[PDB]
Amino acid sequence: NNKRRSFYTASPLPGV
Amino acid sequence: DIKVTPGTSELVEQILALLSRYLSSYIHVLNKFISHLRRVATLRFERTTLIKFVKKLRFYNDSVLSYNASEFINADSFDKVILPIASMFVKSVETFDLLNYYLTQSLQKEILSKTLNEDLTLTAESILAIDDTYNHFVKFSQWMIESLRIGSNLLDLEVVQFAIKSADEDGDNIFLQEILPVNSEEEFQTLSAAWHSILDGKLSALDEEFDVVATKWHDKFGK
Amino acid sequence: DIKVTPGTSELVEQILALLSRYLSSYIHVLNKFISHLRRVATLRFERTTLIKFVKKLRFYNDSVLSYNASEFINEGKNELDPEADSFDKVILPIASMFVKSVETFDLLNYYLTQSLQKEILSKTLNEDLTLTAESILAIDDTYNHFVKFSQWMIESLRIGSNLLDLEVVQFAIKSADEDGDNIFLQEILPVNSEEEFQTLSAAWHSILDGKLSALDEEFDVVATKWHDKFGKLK
Amino acid sequence: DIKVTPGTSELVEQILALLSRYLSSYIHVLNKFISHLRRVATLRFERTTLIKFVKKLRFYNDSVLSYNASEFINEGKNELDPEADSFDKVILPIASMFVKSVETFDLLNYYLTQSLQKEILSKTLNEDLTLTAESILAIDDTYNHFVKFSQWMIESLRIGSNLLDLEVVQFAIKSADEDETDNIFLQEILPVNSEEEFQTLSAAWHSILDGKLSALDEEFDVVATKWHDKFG
Amino acid sequence: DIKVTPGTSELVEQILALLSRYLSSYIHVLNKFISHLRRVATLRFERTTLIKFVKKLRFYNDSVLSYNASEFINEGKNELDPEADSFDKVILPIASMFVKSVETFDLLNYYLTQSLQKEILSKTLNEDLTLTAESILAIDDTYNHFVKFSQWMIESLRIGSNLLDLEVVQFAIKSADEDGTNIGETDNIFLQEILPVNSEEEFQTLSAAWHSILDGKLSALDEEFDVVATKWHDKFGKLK
Amino acid sequence: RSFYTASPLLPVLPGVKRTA
Amino acid sequence: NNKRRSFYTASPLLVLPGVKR
Amino acid sequence: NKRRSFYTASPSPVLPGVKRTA
RNA sequence: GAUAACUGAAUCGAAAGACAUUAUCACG
RNA sequence: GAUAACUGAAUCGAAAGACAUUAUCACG
Ligand SMILES: [Mg+2]
Ligand SMILES: [Mg+2]
Ligand SMILES: [Mg+2]
Ligand SMILES: [Mg+2]
C-alpha cells in the first residue's frame, strides 16, 4: 500500500 | 557512433558541478544540525550516524571537485565519456535515498519520540524540497543513461525500477515517463543545459529551505 | 589494449556471483533481525531504517542476478577484431557496481555494528539482540577484503579515477601522509594480460569465498543467539 | 498545666486539612505531569520515580483524611480530671505528621524543581516540559512557611526534641553559627501559655498558609495549562 | 497503664542505636558511590539527587546520635509517682522516628535499586556501577524487617493511628482484602498479627530478640555493601 | 513489577503470630 | 558556598505569628 | 583513532596482485 | 572547547602524594 | 486507550497452528 511507497519518498521535462 | 568535441570537457565539468552543489547543500545543513545535536544527550548515537553519512557525502564532493575531466577525455566515444559521470550520479543518488529516509522519516519520528521538541525537526517544506530535488536528480540521471542507451541492470536506480514494477502490478508519474533517445552530442548538450537550469532551480529552493531550518535551529538553540 | 576472449563472459559472471553471495548473507540475517525487532516497541523506527537498507541490498542483488554479462560483451571472434571490446571497457561497470555496493555496506555496517548496537543496549538494557563480537569481526574482515579486491580490479587495469575512489582507501592514504601493516596502503601491481587477471581473480575468488563462509557461520551463530535469548518462549 | 477542651477536636481537624490541601495540590499537578511524561520515551524512568513519590504523598493524604481526631482525644469527665489529655500530648502526633511530610516534600522538591529540571533540558532541550520559574518560587515559598508553621507548633508548646528537628531549620542555625535576622528559620518562636492563644495564632497561620496554597494552585494551573496546550 | 523504670532509658538508647547503624550503613556506601559518580559526566544530576538523599539520612543519624533519652524520660521516685511517664508516651516518639526513617528508606530504595539501576544501564551501557543482585536482596530484607519491627513496637503497645501507618503495611493489607490472602496463616511478613504486650519486662525481652535479628540483617547488609564497593573499585575506580 | 520492593520473593518473629 | 544552600531551596529569597525577629 | 572508528568497528596472507611490503 | 563542585570524607595512588593550578569527553 | 504493518519470508509454535478477527504496553 502507501507503506511500500513510504520507503521511496516522504511526500504526496527535457528529453522526456 | 556519437563522437567527442573539444567542448565535451566543459559539458562534463558543468554536470559534475551540479552534483557538487547538491552534495554541498546537504553537507552545510548537516554540519549545523550535528553541532546542535551535541547538546541533546538522548540523540548521541543518531548524531554519530549522521556524521557517518555526512563524511560519505563530503568524500563524494572532494572526489567530484578534484576530478579533472580533460585528463579522461580524447578519439573517444561520447558514450564512454558520459558513462562514468552517470555512474557517479547513480552512486550518489542511491546514497541520498538512504540518507533522506533516515533524515526525513526515521530520525524525525525518533526525535519527536525522544524529545517531543519540534524545534529539532525539519520543516515540512524542507522535506518537500528534499524529495523534489531527489526526484529530479533521479530523472536527470535516468535521462543521461537511457538517452545514450548506456544503461544496464547495474545502473538501474532502485526508485525507478520500483515505480515500473508497481505500474505492471497496478496496470502522472515522473519515473514512468519515456526517455527519448538522442542522436547527436549537440542535442545532448542542448537538453543537458535545459536540465541544468531546472536542477539549479531546485537546488536554490533547497538552499532556501535549508536556510529556514538552520535559522530556526539558531534562534531556538543558538550559540 | 588488452582484449576480450570467449571465456571473458564467465569471468564476469563469477565475479558478480561473489557480490551476490555477499549481499545475500546480509539480506538473510537482516530479514531475521527485522522480524525479531517487530516485537520490540522501542526499536520500531530503527527497524524501519534497517528495512530501508535491506531493500537497497535486495535491489542490488536482483540487479546483479538479472545481469546477463554476454549481452554487454562484444567478444573475440578469434583474436584480430578492432571492433571487439577492450577488457577495460568490460570490467569497468563491474568494478563500478562493486564500488557502489561497498560504499553502501560501509554506511550499513556503521549503523548496524556501532550506532544501533549502542542504541539497543541503551533502550533495552540487555544483550539479547546485540550482535556477537565475532560477527562484527567477520563483517569488518569481509568488508576490508571486498574493498581491497575492488581496488585490485580497478588499479590493476589502470581504470581508476577520482570518481571510483573508495572513501576508506583515500582515508587510509591521507592518514599515512599526515602520520609519518595496513591492507589499504599496499600497492596494486599492474596486470598485462587477461590470462593474468583471470588467474589472480580466481585466487581472490577463493579468498573471498573463505571470508563469506566465516561470515555465514557467524550470522548463523547470532541468529541462534537471537532465538535463544529473545525469540523463544518464557 | 495546658489542657484539652471540647473545641480541641476541630482545631486538630482544621490543621490537618491544610496538610491535606498541600498534599493534594502536589498530587493533582503530578498526576498531570506523569501523564504527559508517558509520551516522552527518554523520561521513562524519571516518570517512575515521580510515581513513587506521588504514591507516598497520596498515602499521607488518605492517612490524614481518614484520621478521626476525636478518637484520639480524651476530653474527659468534662473539664475536671487528671485523666483528661494534655494539649501537648494531642498536638505532638499532629506536629510529627507535619515533620514527616515536610521532609518528604524537601526530598521531592529537590528532585522535581532542580535535578529533574536539569535532566529534562539535558535529554530533551524542550522547555515545554519544565516548570515555570514562578511555580518554583511558589513551591519554595509554601515549603518555607509550612516548615515555619511546623516549628511554631513544636517550639510554642515546648514539645521539640532532636528527633522532631527539621533538616532545613538546623541547617540554617548551623550556617549562622559558622557565619535581628531577615532569615525566616532563625527567628525565635514565642512560647504560648493557653490553648485559647494557640487557637488564635493557629487560625492566623491557617489564613497565611491558605494564601500560599492558593498562589501555589494558581501557578500549578498555569504550568498545567502550558502542558495541555503544548502537548495534550 | 504500663510504667517507666530506671532501665527504660537504656532500652530506648539501644533501639536508637540500631536505627543509627541502619542509617550509617547507607551513608557509608552512598558516600563511596557518590565519589565514583563524580567521574561519570552523564550521571551528574542523578548524583545530586543521591547527595540530597544522603544528606537527609546523615541528618537523621546526627539527630539520633545526639538524642539524650534520659532528658525526655521522667523516671519514678521509689516506684509509684503520679507524675512519672507512661511507657507509651516514651516509646511513641521513638517509633515515630522509625516511621519517618523507614518511609525515607522506601523512597530511596526505589530510586537507588530500581529507577537509577535502569538509568545507569541506559546511559553507560555497562554493569560496572550497578548494584549486585545480592545487595538488592539484603536492602529489601533489611527494610522489610525494620518495617516489621516498627509495626511491632507500635501495635504491641496499641499506640498506632492513621498517621503512624506505614505505606507498605497498609498496601499489603489492602492487597489481601481484595485478593483473599488474609485468610489463614499467611506467609507474608506484613500481614502477620502483632501480639499485644502487657509489661515493660515483656517489651524489653522481645525488643532484645528483635535487636539480635536486626543486627544480623545489618551485618549481612554491611557485607554486601563491602562486596559492591569492591566491585565498584575493580570495575570502575581503578584505571590501567 | 513493584513500588514496594525490588525483591518480589521474600523462621519465627518475636511478638508475631504466623496468622493474618 | 551556594551549592550547600541549593539542597535546601531553589531560590534567591531568604509579620509572622508567634515570631519575634 | 576517534576519526578511524567511522571506517571499521575493529581495534597476514598474500593477497593476489598486491606487493607485500608497500 | 565542552562537562563535572554535599565540610562530603569519600575517591584515585604500593608509596610519596593527587583532588577546578584537577578530571573526563570530542567527525570537534 | 496508546503503539506495532518491507510481497518481507522471515518470526513464534513439539504439534495443531499463529501472524491487525493479532501482539505489546499501562501508578494496586
Ligand atoms: Mg540509532
Ligand atoms: Mg533511528
Ligand atoms: Mg535525575
Ligand atoms: Mg533516574
# chains A, B, ... in the order shown; residues from 1 in each chain; ligands from 1
>>> residues_around(residues="region 141-158 of chain C", least_positions_apart="5", cutoff="6 Å", atoms="only C-alpha atoms (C1' of nucleotides)", output="list in words")
residues 188, 189, 190, 191 and 211 of chain C
>>> residues_near_ligand(ligand="ligand 1", cutoff="9 Å", atoms="only C-alpha atoms (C1' of nucleotides) and all ligand atoms", output="count of residues only")
21
>>> atom_distance(atom1="CA of residue 113 (chain E)", atom2="CA of residue 26 (chain D)")
24.9 Å
>>> residues_around(residues="region 1-14 of chain F", least_positions_apart="5", cutoff="7 Å", atoms="only C-alpha atoms (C1' of nucleotides)", output="list in words")
residues 52 of chain D; 110, 113, 114, 136, 137, 140, 168, 206, 209 and 210 of chain E
>>> write_last_selection(atoms="C-alpha atoms", output="short mmCIF file (atom, residue, chain, number, x, y, z; two decimals), in the first residue's frame")
data_model
loop_
_atom_site.label_atom_id
_atom_site.label_comp_id
_atom_site.auth_asym_id
_atom_site.auth_seq_id
_atom_site.Cartn_x
_atom_site.Cartn_y
_atom_site.Cartn_z
CA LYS D 52 6.91 6.55 43.65
CA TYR E 110 13.14 2.62 44.85
CA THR E 113 17.70 -0.14 43.43
CA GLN E 114 15.21 0.33 40.57
CA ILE E 136 19.47 -5.53 46.50
CA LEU E 137 18.21 -8.64 48.29
CA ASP E 140 14.95 -5.30 50.78
CA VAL E 168 3.95 -0.74 52.74
CA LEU E 206 11.02 -9.16 72.78
CA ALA E 209 15.31 -10.57 70.46
CA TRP E 210 14.41 -8.14 67.63
#
>>> atom_distance(atom1="CA of residue 132 (chain E)", atom2="CA of residue 235 (chain E)")
12.5 Å
>>> interface_residues(of="chain F", to="chain E", cutoff="6 Å", atoms="only C-alpha atoms", output="ChimeraX atom specification")
/F:7,14-20
>>> residues_around(residues="residue 16 (chain G)", least_positions_apart="5", cutoff="9 Å", atoms="only C-alpha atoms (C1' of nucleotides)", output="VMD selection string")
chain D and resid 204 to 205 208
>>> interface_residues(of="chain G", to="chain D", cutoff="6 Å", atoms="only C-alpha atoms", output="list in words")
residues 14, 17, 18, 19, 20 and 21 of chain G
>>> write_last_selection(atoms="N, CA, C and O atoms", output="mmCIF file, in the first residue's frame")
data_model
loop_
_atom_site.group_PDB
_atom_site.id
_atom_site.type_symbol
_atom_site.label_atom_id
_atom_site.label_comp_id
_atom_site.auth_asym_id
_atom_site.auth_seq_id
_atom_site.Cartn_x
_atom_site.Cartn_y
_atom_site.Cartn_z
ATOM 1 N N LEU G 14 15.481 34.101 50.809
ATOM 2 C CA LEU G 14 15.845 34.442 52.218
ATOM 3 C C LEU G 14 17.240 35.059 52.382
ATOM 4 O O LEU G 14 17.591 35.523 53.470
ATOM 5 N N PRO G 17 2.999 34.896 62.840
ATOM 6 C CA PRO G 17 2.510 34.570 64.187
ATOM 7 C C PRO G 17 3.500 33.815 65.087
ATOM 8 O O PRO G 17 4.208 32.923 64.620
ATOM 9 N N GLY G 18 3.504 34.171 66.371
ATOM 10 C CA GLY G 18 4.338 33.536 67.381
ATOM 11 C C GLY G 18 5.820 33.737 67.155
ATOM 12 O O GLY G 18 6.612 32.936 67.635
ATOM 13 N N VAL G 19 6.201 34.829 66.479
ATOM 14 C CA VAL G 19 7.577 35.033 65.970
ATOM 15 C C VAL G 19 8.144 36.459 66.212
ATOM 16 O O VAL G 19 7.544 37.419 65.767
ATOM 17 N N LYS G 20 9.318 36.599 66.847
ATOM 18 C CA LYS G 20 9.869 37.946 67.179
ATOM 19 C C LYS G 20 11.302 38.274 66.714
ATOM 20 O O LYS G 20 12.198 38.490 67.539
ATOM 21 N N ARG G 21 11.476 38.345 65.389
ATOM 22 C CA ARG G 21 12.729 38.760 64.709
ATOM 23 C C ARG G 21 14.042 38.550 65.477
ATOM 24 O O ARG G 21 14.504 37.420 65.634
#
>>> residues_around(residues="residue 13 (chain J)", least_positions_apart="2", cutoff="10 Å", atoms="only C-alpha atoms (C1' of nucleotides)", output="list in words")
residues 232 and 233 of chain C; 15, 16, 17 and 18 of chain J
>>> write_last_selection(atoms="C-alpha atoms (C1' of nucleotides)", output="PDB file, in the first residue's frame")
ATOM      1  CA  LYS C 232      11.760 -18.331  22.262  1.00  0.00           C
ATOM      2  CA  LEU C 233       9.134 -18.599  24.950  1.00  0.00           C
TER       3      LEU C 233
ATOM      4  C1'   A J  15       2.387 -30.157  17.093  1.00  0.00           C
ATOM      5  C1'   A J  16      -2.207 -28.305  15.688  1.00  0.00           C
ATOM      6  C1'   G J  17      -1.229 -23.990  14.054  1.00  0.00           C
ATOM      7  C1'   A J  18      -0.457 -18.281  14.802  1.00  0.00           C
TER       8        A J  18
END
>>> interface_residues(of="chain J", to="chain A", cutoff="10 Å", atoms="only C-alpha atoms (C1' of nucleotides)", output="PyMOL selection string")
chain J and resi 5-7
>>> closest_atom_pairs(of="chain D", to="chain F", cutoff="12 Å", atoms="only C-alpha atoms", output="CSV")
residue,atom,partner,partner_atom,distance
D:48,CA,F:3,CA,8.8
D:49,CA,F:3,CA,9.3
D:50,CA,F:3,CA,11.1
D:51,CA,F:3,CA,8.7
D:52,CA,F:3,CA,6.4
D:53,CA,F:3,CA,9.9
D:54,CA,F:3,CA,11.2
D:55,CA,F:3,CA,8.9
D:56,CA,F:3,CA,10.2
>>> residues_near_ligand(ligand="ligand 4", cutoff="10 Å", atoms="only C-alpha atoms (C1' of nucleotides) and all ligand atoms", output="ChimeraX atom specification")
/D:43-50,111,115-116,119 /E:43,45-47,49,111-112,114-120
>>> select_by_dssp(residues="region 46-117 of chain D", states="alpha helix (DSSP H)", output="MDAnalysis selection string")
chainID D and resid 46:66 87:110 116:117
>>> write_last_selection(atoms="N, CA and C atoms", output="short mmCIF file (atom, residue, chain, number, x, y, z; two decimals), in the first residue's frame")
data_model
loop_
_atom_site.label_atom_id
_atom_site.label_comp_id
_atom_site.auth_asym_id
_atom_site.auth_seq_id
_atom_site.Cartn_x
_atom_site.Cartn_y
_atom_site.Cartn_z
N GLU D 46 12.50 8.44 35.00
CA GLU D 46 12.21 9.62 35.83
C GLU D 46 10.71 9.62 36.22
N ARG D 47 9.88 9.25 35.25
CA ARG D 47 8.48 9.13 35.45
C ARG D 47 8.18 8.14 36.55
N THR D 48 8.82 6.99 36.54
CA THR D 48 8.56 6.00 37.60
C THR D 48 9.01 6.50 38.97
N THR D 49 10.09 7.28 39.02
CA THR D 49 10.49 7.91 40.27
C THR D 49 9.40 8.86 40.78
N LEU D 50 8.87 9.71 39.91
CA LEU D 50 7.75 10.57 40.28
C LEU D 50 6.52 9.81 40.78
N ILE D 51 6.21 8.71 40.12
CA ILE D 51 5.10 7.89 40.58
C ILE D 51 5.39 7.46 42.01
N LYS D 52 6.61 7.02 42.31
CA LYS D 52 6.91 6.55 43.65
C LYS D 52 6.67 7.65 44.69
N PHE D 53 7.11 8.85 44.34
CA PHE D 53 6.87 9.99 45.21
C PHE D 53 5.37 10.26 45.34
N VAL D 54 4.65 10.31 44.22
CA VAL D 54 3.25 10.72 44.29
C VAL D 54 2.41 9.72 45.07
N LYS D 55 2.76 8.44 44.97
CA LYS D 55 2.15 7.41 45.80
C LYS D 55 2.32 7.67 47.28
N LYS D 56 3.52 8.08 47.68
CA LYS D 56 3.80 8.40 49.08
C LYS D 56 2.95 9.57 49.56
N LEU D 57 2.89 10.64 48.78
CA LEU D 57 2.01 11.77 49.11
C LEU D 57 0.55 11.35 49.22
N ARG D 58 0.10 10.58 48.25
CA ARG D 58 -1.29 10.09 48.20
C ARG D 58 -1.62 9.28 49.48
N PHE D 59 -0.67 8.48 49.95
CA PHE D 59 -0.86 7.68 51.14
C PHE D 59 -0.96 8.57 52.38
N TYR D 60 -0.07 9.55 52.49
CA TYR D 60 -0.14 10.52 53.57
C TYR D 60 -1.48 11.28 53.53
N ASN D 61 -1.95 11.62 52.34
CA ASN D 61 -3.25 12.24 52.21
C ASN D 61 -4.41 11.33 52.66
N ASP D 62 -4.43 10.06 52.28
CA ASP D 62 -5.50 9.16 52.74
C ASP D 62 -5.41 9.00 54.25
N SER D 63 -4.19 8.84 54.74
CA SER D 63 -3.98 8.73 56.17
C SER D 63 -4.60 9.93 56.90
N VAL D 64 -4.22 11.14 56.50
CA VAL D 64 -4.73 12.37 57.10
C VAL D 64 -6.25 12.52 56.97
N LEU D 65 -6.80 12.33 55.76
CA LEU D 65 -8.26 12.41 55.56
C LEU D 65 -9.07 11.38 56.38
N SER D 66 -8.55 10.16 56.57
CA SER D 66 -9.24 9.13 57.34
C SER D 66 -9.00 9.22 58.89
N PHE D 87 -2.87 19.06 76.20
CA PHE D 87 -2.85 19.62 74.84
C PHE D 87 -1.55 19.24 74.11
N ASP D 88 -0.42 19.36 74.82
CA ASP D 88 0.87 18.74 74.45
C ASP D 88 0.69 17.38 73.76
N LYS D 89 0.16 16.42 74.50
CA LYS D 89 0.05 15.05 74.05
C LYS D 89 -0.72 14.96 72.74
N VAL D 90 -1.70 15.84 72.57
CA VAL D 90 -2.61 15.81 71.43
C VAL D 90 -2.01 16.43 70.18
N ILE D 91 -1.34 17.56 70.33
CA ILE D 91 -0.65 18.21 69.21
C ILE D 91 0.56 17.40 68.74
N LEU D 92 1.27 16.75 69.66
CA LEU D 92 2.50 16.04 69.32
C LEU D 92 2.44 15.15 68.07
N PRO D 93 1.50 14.21 67.99
CA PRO D 93 1.46 13.40 66.76
C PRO D 93 1.02 14.18 65.52
N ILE D 94 0.31 15.28 65.69
CA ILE D 94 -0.05 16.12 64.53
C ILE D 94 1.21 16.79 63.99
N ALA D 95 1.95 17.42 64.88
CA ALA D 95 3.23 18.05 64.56
C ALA D 95 4.18 17.06 63.91
N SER D 96 4.18 15.85 64.45
CA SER D 96 5.04 14.78 63.99
C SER D 96 4.72 14.36 62.56
N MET D 97 3.42 14.30 62.23
CA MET D 97 2.98 14.08 60.86
C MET D 97 3.49 15.18 59.96
N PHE D 98 3.36 16.43 60.40
CA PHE D 98 3.81 17.57 59.60
C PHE D 98 5.28 17.42 59.27
N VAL D 99 6.06 16.99 60.25
CA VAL D 99 7.50 16.87 60.09
C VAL D 99 7.82 15.81 59.05
N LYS D 100 7.24 14.62 59.19
CA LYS D 100 7.43 13.57 58.19
C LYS D 100 7.11 14.05 56.76
N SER D 101 6.06 14.86 56.64
CA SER D 101 5.54 15.30 55.35
C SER D 101 6.46 16.33 54.79
N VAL D 102 6.81 17.28 55.65
CA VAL D 102 7.71 18.34 55.27
C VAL D 102 9.06 17.80 54.77
N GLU D 103 9.63 16.82 55.46
CA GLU D 103 10.89 16.19 54.99
C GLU D 103 10.70 15.40 53.68
N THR D 104 9.52 14.82 53.46
CA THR D 104 9.19 14.19 52.18
C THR D 104 9.14 15.25 51.06
N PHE D 105 8.41 16.34 51.29
CA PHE D 105 8.37 17.47 50.34
C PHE D 105 9.75 18.02 50.03
N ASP D 106 10.63 18.04 51.03
CA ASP D 106 12.01 18.51 50.79
C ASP D 106 12.74 17.66 49.74
N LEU D 107 12.68 16.34 49.93
CA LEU D 107 13.25 15.37 49.00
C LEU D 107 12.64 15.54 47.63
N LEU D 108 11.32 15.64 47.60
CA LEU D 108 10.59 15.75 46.34
C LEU D 108 10.91 17.04 45.59
N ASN D 109 10.92 18.16 46.31
CA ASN D 109 11.12 19.45 45.68
C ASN D 109 12.47 19.53 45.02
N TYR D 110 13.50 19.01 45.69
CA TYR D 110 14.83 18.97 45.10
C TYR D 110 14.81 18.18 43.79
N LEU D 116 15.62 17.01 38.21
CA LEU D 116 14.79 16.62 37.09
C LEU D 116 14.64 17.73 36.06
N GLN D 117 14.55 18.97 36.52
CA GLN D 117 14.50 20.10 35.61
C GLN D 117 15.74 20.14 34.73
#
>>> interface_residues(of="chain C", to="chain B", cutoff="7 Å", atoms="only C-alpha atoms", output="JSON, numbers by chain")
{"C": [45, 48, 49, 52, 53, 59, 63, 64, 66, 67, 97, 100, 107, 111, 115, 119, 162, 163, 167]}
>>> write_last_selection(atoms="N, CA, C and O atoms", output="short mmCIF file (atom, residue, chain, number, x, y, z; two decimals), in the first residue's frame")
data_model
loop_
_atom_site.label_atom_id
_atom_site.label_comp_id
_atom_site.auth_asym_id
_atom_site.auth_seq_id
_atom_site.Cartn_x
_atom_site.Cartn_y
_atom_site.Cartn_z
N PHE C 45 11.47 2.41 15.00
CA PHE C 45 11.96 3.24 13.90
C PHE C 45 13.33 2.79 13.42
O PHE C 45 13.65 2.92 12.21
N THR C 48 12.57 0.28 10.86
CA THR C 48 12.27 0.82 9.54
C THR C 48 13.54 1.28 8.81
O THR C 48 13.63 1.13 7.58
N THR C 49 14.51 1.81 9.55
CA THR C 49 15.79 2.16 8.93
C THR C 49 16.46 0.91 8.33
O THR C 49 16.91 0.94 7.18
N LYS C 52 14.88 -0.13 5.14
CA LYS C 52 15.32 0.68 4.03
C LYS C 52 16.65 0.18 3.47
O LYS C 52 16.85 0.12 2.25
N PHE C 53 17.57 -0.11 4.38
CA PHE C 53 18.86 -0.64 3.97
C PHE C 53 18.69 -1.98 3.28
O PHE C 53 19.24 -2.18 2.20
N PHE C 59 17.74 -5.01 -3.80
CA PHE C 59 17.66 -4.47 -5.16
C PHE C 59 19.00 -4.68 -5.93
O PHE C 59 19.00 -5.09 -7.08
N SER C 63 19.38 -6.88 -9.25
CA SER C 63 20.09 -6.29 -10.36
C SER C 63 21.22 -7.22 -10.81
O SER C 63 21.27 -7.61 -11.98
N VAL C 64 22.09 -7.60 -9.88
CA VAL C 64 23.24 -8.47 -10.18
C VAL C 64 22.80 -9.83 -10.74
O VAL C 64 23.33 -10.27 -11.75
N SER C 66 20.01 -10.67 -12.28
CA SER C 66 19.42 -10.49 -13.63
C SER C 66 20.38 -10.03 -14.73
O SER C 66 20.02 -10.06 -15.90
N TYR C 67 21.58 -9.58 -14.37
CA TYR C 67 22.55 -9.10 -15.35
C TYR C 67 23.08 -10.26 -16.15
O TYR C 67 23.71 -11.18 -15.59
N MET C 97 29.96 -1.27 -10.05
CA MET C 97 28.93 -1.88 -9.21
C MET C 97 29.51 -2.24 -7.84
O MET C 97 28.88 -1.97 -6.82
N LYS C 100 29.84 0.99 -5.69
CA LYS C 100 28.54 1.40 -5.17
C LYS C 100 28.08 0.53 -3.99
O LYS C 100 27.45 1.02 -3.04
N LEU C 107 28.17 2.32 4.97
CA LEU C 107 27.11 3.04 5.65
C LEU C 107 26.33 2.11 6.57
O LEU C 107 26.07 2.43 7.75
N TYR C 111 26.02 1.72 10.91
CA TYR C 111 24.72 1.77 11.56
C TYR C 111 24.54 0.47 12.36
O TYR C 111 24.40 0.50 13.57
N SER C 115 26.44 2.42 15.97
CA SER C 115 25.27 3.19 16.45
C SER C 115 24.15 2.33 17.03
O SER C 115 23.71 2.55 18.14
N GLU C 119 22.58 1.84 20.71
CA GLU C 119 21.19 2.20 20.94
C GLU C 119 20.39 1.04 21.53
O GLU C 119 19.57 1.23 22.43
N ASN C 162 39.12 9.70 -9.83
CA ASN C 162 38.61 10.29 -8.59
C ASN C 162 37.20 9.76 -8.21
O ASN C 162 36.88 9.63 -7.03
N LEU C 163 36.39 9.44 -9.22
CA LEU C 163 35.01 9.05 -9.02
C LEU C 163 34.84 7.60 -8.54
O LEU C 163 33.85 7.28 -7.90
N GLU C 167 35.98 5.65 -0.26
CA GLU C 167 36.24 6.51 0.90
C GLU C 167 37.28 5.91 1.85
O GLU C 167 38.18 6.63 2.29
#
>>> interface_residues(of="chain H", to="chain B", cutoff="12 Å", atoms="only C-alpha atoms", output="number ranges by chain")
H: 2-8
>>> write_last_selection(atoms="N, CA and C atoms", output="compact mmCIF listing (two decimals), in the first residue's frame")
# COMPACT_ATOMS: atom_id res chain seq x y z
N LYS H 2 39.73 8.38 16.93
CA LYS H 2 38.30 8.72 17.04
C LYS H 2 37.73 8.99 15.63
N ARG H 3 38.58 9.46 14.70
CA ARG H 3 38.23 9.55 13.26
C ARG H 3 38.25 8.17 12.53
N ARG H 4 39.11 7.25 12.98
CA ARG H 4 39.31 5.89 12.38
C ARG H 4 38.17 4.86 12.68
N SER H 5 37.41 5.12 13.75
CA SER H 5 36.29 4.26 14.16
C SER H 5 35.00 4.47 13.35
N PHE H 6 34.94 5.51 12.50
CA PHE H 6 33.88 5.65 11.46
C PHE H 6 34.10 4.76 10.21
N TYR H 7 35.29 4.15 10.09
CA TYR H 7 35.66 3.28 8.95
C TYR H 7 35.80 1.73 9.25
N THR H 8 35.74 1.33 10.52
CA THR H 8 35.76 -0.09 10.96
C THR H 8 35.44 -0.16 12.47
>>> residues_around(residues="residue 40 (chain B)", least_positions_apart="3", cutoff="12 Å", atoms="only C-alpha atoms (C1' of nucleotides)", output="number ranges by chain")
B: 33-37, 43-47, 111, 114-115, 117, 120, 221; D: 42, 119-126; E: 42
>>> residues_around(residues="region 51-67 of chain E", least_positions_apart="6", cutoff="6 Å", atoms="only C-alpha atoms (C1' of nucleotides)", output="PyMOL selection string")
(chain D and resi 162-163) or (chain E and resi 20) or (chain I and resi 6)
>>> write_last_selection(atoms="N, CA and C atoms (P, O5', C5', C4', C3', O3' and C1' of nucleotides)", output="PDB file, in the first residue's frame")
ATOM      1  N   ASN D 162      15.518  16.429  69.536  1.00  0.00           N
ATOM      2  CA  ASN D 162      16.421  16.141  68.416  1.00  0.00           C
ATOM      3  C   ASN D 162      15.709  15.413  67.258  1.00  0.00           C
ATOM      4  N   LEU D 163      14.722  14.588  67.598  1.00  0.00           N
ATOM      5  CA  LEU D 163      14.042  13.730  66.635  1.00  0.00           C
ATOM      6  C   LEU D 163      12.984  14.464  65.785  1.00  0.00           C
TER       7      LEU D 163
ATOM      8  N   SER E  20      20.592   4.022  63.987  1.00  0.00           N
ATOM      9  CA  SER E  20      21.826   4.675  63.609  1.00  0.00           C
ATOM     10  C   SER E  20      22.713   3.773  62.792  1.00  0.00           C
TER      11      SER E  20
ATOM     12  P     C I   6      29.754  18.184  45.145  1.00  0.00           P
ATOM     13  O5'   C I   6      29.427  18.536  46.656  1.00  0.00           O
ATOM     14  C5'   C I   6      28.526  19.601  46.941  1.00  0.00           C
ATOM     15  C4'   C I   6      27.923  19.359  48.290  1.00  0.00           C
ATOM     16  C3'   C I   6      28.891  19.330  49.462  1.00  0.00           C
ATOM     17  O3'   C I   6      29.166  20.662  49.883  1.00  0.00           O
ATOM     18  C1'   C I   6      27.318  17.564  49.637  1.00  0.00           C
TER      19        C I   6
END
>>> closest_residue(among="D:24, D:84, D:36, D:15", to="chain B", atoms="only C-alpha atoms")
D:36
>>> closest_residue(among="D:76, D:13, D:146, D:118", to="ligand 3", atoms="only C-alpha atoms and all ligand atoms")
D:118
>>> decode(residues="region 2-13 of chain G", atoms="C-alpha atoms", output="PDB file, in the first residue's frame")
ATOM      1  CA  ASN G   2      25.653  28.247  47.420  1.00  0.00           C
ATOM      2  CA  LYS G   3      25.941  24.567  46.338  1.00  0.00           C
ATOM      3  CA  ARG G   4      25.318  23.619  50.020  1.00  0.00           C
ATOM      4  CA  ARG G   5      22.364  26.064  50.157  1.00  0.00           C
ATOM      5  CA  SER G   6      20.959  24.720  46.817  1.00  0.00           C
ATOM      6  CA  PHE G   7      19.993  21.413  48.509  1.00  0.00           C
ATOM      7  CA  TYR G   8      17.638  23.365  50.775  1.00  0.00           C
ATOM      8  CA  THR G   9      15.916  25.698  48.235  1.00  0.00           C
ATOM      9  CA  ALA G  10      15.722  26.620  44.551  1.00  0.00           C
ATOM     10  CA  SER G  11      15.649  30.380  45.182  1.00  0.00           C
ATOM     11  CA  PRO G  12      17.424  33.705  45.998  1.00  0.00           C
ATOM     12  CA  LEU G  13      14.531  34.602  48.521  1.00  0.00           C
TER      13      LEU G  13
END
